[PDB]
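Taken one at a time, structure 1 and structure 2 that follow are two forms of one protein chain, written as structure tokens.
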Structure 1
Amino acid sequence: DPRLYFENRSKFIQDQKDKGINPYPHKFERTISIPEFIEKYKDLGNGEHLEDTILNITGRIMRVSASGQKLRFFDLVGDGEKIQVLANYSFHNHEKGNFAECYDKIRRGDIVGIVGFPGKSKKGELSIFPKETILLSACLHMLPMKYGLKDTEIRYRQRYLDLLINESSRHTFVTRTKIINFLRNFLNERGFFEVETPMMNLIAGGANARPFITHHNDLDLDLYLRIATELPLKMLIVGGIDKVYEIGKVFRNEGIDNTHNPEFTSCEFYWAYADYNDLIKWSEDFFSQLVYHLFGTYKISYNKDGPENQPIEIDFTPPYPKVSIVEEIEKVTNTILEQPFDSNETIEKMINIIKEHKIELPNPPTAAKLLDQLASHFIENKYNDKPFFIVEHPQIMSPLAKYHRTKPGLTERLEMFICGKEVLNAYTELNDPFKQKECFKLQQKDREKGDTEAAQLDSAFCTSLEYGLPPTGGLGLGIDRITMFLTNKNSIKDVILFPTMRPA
């Protein structure tokens, strides 16, 4: 019973203190790490001992067994690697205490420090042969086995148990950090300058989403958490930082599911004198090279339908297909979506397409939401075997994107999808301040109908446009979703160390 277990262990701690022993020593000076130990002594022969080499090593005990009264065996793990501990009565320093009393105390989970020599057992298992083993920090609960952590929510609420017991968990999070490292180096090598912009602002603009609100007490001031980094980054382009980017958290106050956590990690970059076509190329270069950097090939396996179903192969070899959103919806639905797309007639037509196909009506049935819903069900799963771009979005869906230089009513916008999930959003940046105020005014008229995700107008941002924003191309990436596909995860909670959870 776990509860009695914990109580006996706590009593043990107290009783050890009462006898004069410190169960939590301040410092043990380690000589070698467990990965270093494996590298150095892997080449030893079966049964070879180096008894003149005395080492101080630490780690977490993960298995306890005995062979008689003079032999105790353990697994010792550290930094994701494992060695055996072979405690023989014949090598024990009896001046430190009784052998059996010393090792009877150890439990699965204890952190220990060992003074001993390296070698391999007769079977051939690389081992540390202790002369003395010291408790550094007890595990007071029973550690679960892999089956206890398998199909549970414990991994999200006690991530440390997952990291200790599931080898795949460590690897997922190492890949996540490698992906971010690769992206930072990719941009820095191309002259980009990393900055930090405020997470708390008077307005939350740069995307269409409901924000979190907070309050600064001394200023008696309500502030919004940022939903995107787009607006202050473009003001820095005005300021002459012509290649600027930010990798950090944004906050969106909306529904939670397998591809939505309320805080998530984005990268946005802004590139003065680039356009749509440079951004398409950047995306293909970046994703193809990232995948090759991680896997040595451009093709990966992904269990789109979970581990109980067949996986699919995703090929990141460029180029990727491009699909124009309005043209394709018109072809697949056999309708003509007349401009203005936000006219009453086009809105009624899109509603009827949705109702005819038994699709859910967006809670406010705005033209921009109607089109999004249509693309979701008719386009975004056109390709699963390769990423692809949906391109040339209407201006009503894209209030900060520059008008399309040859197609009226559209913009120079691209979104990349992997397995039906949006991972990238980019466009030629709107830089005419007179057209920008018009877009914000139209977004206000859409807010008046009950749209809580209509981005609010930023007076400071519009003012910065009046000092001259050069022609610019900007791009944003969803780091968590990218990591999901590159670690074979179906849930954003599997690639975030501490996902947003209700209290226990």
Structure 2
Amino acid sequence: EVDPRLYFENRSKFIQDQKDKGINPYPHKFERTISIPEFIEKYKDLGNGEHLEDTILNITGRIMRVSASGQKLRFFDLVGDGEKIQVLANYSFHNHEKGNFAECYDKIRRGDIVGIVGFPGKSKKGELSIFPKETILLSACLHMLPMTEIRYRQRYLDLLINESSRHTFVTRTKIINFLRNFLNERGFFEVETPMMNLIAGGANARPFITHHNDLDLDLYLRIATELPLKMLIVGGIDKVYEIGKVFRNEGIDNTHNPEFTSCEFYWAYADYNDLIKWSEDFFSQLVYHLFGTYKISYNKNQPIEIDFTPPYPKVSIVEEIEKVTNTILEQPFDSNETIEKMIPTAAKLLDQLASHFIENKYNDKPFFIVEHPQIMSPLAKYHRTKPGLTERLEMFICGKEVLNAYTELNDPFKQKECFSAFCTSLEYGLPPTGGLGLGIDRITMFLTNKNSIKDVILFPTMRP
């Protein structure tokens, strides 16, 4: 019925026309006495047709529906904090000294933010409403709202229109709150490490790089928090952690965003077994805390049930490939004879072999791949009984990695061999320690039934 540019340009003209005649169409302050959630909670118990004309409230919110019986009766839907109530504006109840009813309400469109002074009640039908004496425009919406990629570029629209979108992001903040408290209860101490560093260690990933002008120095954005957090373990913070963005300069897809939110903790006097027990407590507890159960459903078409009831399976990556392929790969894995017997180095061959024959062994429970070779795991400690291997675990949910942990290599000698501030700190004595990383975005995806990482990040990185 309406062109959008015309609409935009007319609402613009209206705003200036208000200005030019004195009205301030963007008032500074509307003193509100109740929120929409508070309103519902207080007045749901009313009878149908009941008005409390005695009781005057100031309320605010955004108009999302506009309707009318005729000129002297207008209806709107008013939303605040994910809740909605009806505004039933009736000519006769209008404080007419403050403005002509028809001109006051004809200028109120879908998307406008308003302030309303009026009395609570219900329609005969039973609809909970505010009945205004005065409705003030506090901030106009200049575009027509919708009744694609837009969810990502214009997230504010998504949050207003789709009830589920908001629910996804509340869950997100809850998940992060749960984790933070889970660790705080267990005596972990939260810290911030630097985002920009001269070296960029902690994982195997191409880094972003930037420049500081006044120091004339190039810097790498951190690809992980591992190295500085161990330094703090040396510094005597026995249980330490960090939740925060890390940056990897690799391609973007459903399960990759160039900046993502991770959590790493390090735990002095711990090892892989404790890390396994912690992982099983954390996930089972988190999921119960959100759903009242350990089985969640997910839409990997029809959904599947993921059962987070512990324990979980622990598949040993060498013993399992050897099992299913009926072939021995002797422990010098980067040797020519073993590299061949697989077949672009040994680390990437194992990654592909694992990524085919092992990472989707289970879909109906989360599970662990354990005991990765030293050649894949340069900071993980050597296995206490199994030459060539390490005390490492990675948890997987539906084929994607969400948790990576190991007993930390704390021998400065067995480490220079896998390759400075960090190297030196190891020489001051790192205690035996267990370390663990989490993919918070990825975990959020499963727990909010999303199948892109872009759905659980408010502003995912996109091209222009």
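Residues that one form lacks are left out of the comparison. Counting starts at 1 and follows the sequence of structure 1. Take the two forms, find the largest set of C-alpha atoms that superpose within 1.5 Å, and that set is the rigid core.
Core-based superposition between structure 1 and structure 2 shows that, of 344, 168, 381, 297, only 344 has its Cα displaced by 2 Å or more. When the rigid core is held fixed, the Cα atom of residue 253 travels less than 2 angstroms between structure 1 and structure 2. After superposing the rigid core, the C-alpha of residue 334 moves by 2 Å or more between structure 1 and structure 2. Here the two forms are laid over each other by their core, and the C-alpha of residue 370 is off by 1.2 Å between structure 1 and structure 2. On the core-superposed pair, the CA position of residue 473 changes by 0.2 Å between structure 1 and structure 2. Core superposition gives residue 69 a CA displacement of 2.3 Å between structure 1 and structure 2. Residue ranges 331 to 339, 344 to 351 are the runs of 3 or more whose C-alphas all shift by 2 angstroms or more between structure 1 and structure 2 once the rigid core is superposed.
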